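The structure appears right after this line, and notes come after that.
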Amino acid sequence: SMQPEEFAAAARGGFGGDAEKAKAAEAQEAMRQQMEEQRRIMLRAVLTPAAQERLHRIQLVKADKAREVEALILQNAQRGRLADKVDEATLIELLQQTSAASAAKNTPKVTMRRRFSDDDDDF
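If you want it as structure tokens, here you go:
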């Protein structure tokens, strides 16, 4: 399973027709891009990639949410994301989304410093 296939993907010819092909062919990627689907909800969930998407987007709106996410990844990713247990992105994006809104694992009021991205501690 080792062959020169870097320049693969004919990317079609934008003929414009393919009324039948584009029907399912396009729909395949369409849904994915449309977001909201078990496909990405699971695959894209554990997948390492798909981070730049939300990273760039969320960044545009909340710059802080970006500069703060690029600071950790510097060591997190460099150390080795949780590609074994579970995607780190979904973890950092899930804990950061409600770092103050709730966080911790008992009650956001007397948890004594809510928890945080465990991966940050290379663990």
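When you line the sequence shown up against the authors' numbering, it's residues 0 to 122, in that order.
Even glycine gets a Cβ: it sits at the ideal position worked out from N, Cα and C.
Checklist entry - Per the contact definition of three or more C-beta pairs closer than 8 Å, is the region 34 to 48 in contact with the region 81 to 98? => result yes
Item to check | For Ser98, the nearest candidate out of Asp119, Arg113 and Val60 (CA to CA) | outcome: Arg113
Next on the checklist: Taking 6 Å as the limit between beta carbons, can you name the residues of its chain near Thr89, skipping five residues before and five after?
Outcome noted: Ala44
Item to check | Contact between the region 105 to 122 and the region 67 to 77 (3+ Cβ pairs under 8 Å) | outcome: yes
Item to check | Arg56 to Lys64 span [Cα, whole Å] | outcome: 10 Å
Item to check | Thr110 vs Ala100 beta-carbon contact at 8 Å | outcome: no
Next on the checklist: Let's see if you can read the secondary structure: which residues bound the alpha helix (DSSP H) around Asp63?
Outcome noted: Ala62 to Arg78
Checklist entry - What three-state label does DSSP hand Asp83 in the structure shown? => result coil
Item to check | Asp86, buried or exposed, once every other Cβ within 10 Å from all chains shown has been counted against 16 | outcome: buried
Checklist entry - Can you round the beta-carbon distance between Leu54 and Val68 to whole angstroms, since I take them to be within the 8 Å contact cut? => result 6 Å
Checklist entry - Smallest Cα separation from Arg11: which of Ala21, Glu4, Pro3 and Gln2? => result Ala21
Item to check | Local Cβ density within 10 Å of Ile40, reported as buried at 16 or more and exposed below that | outcome: exposed
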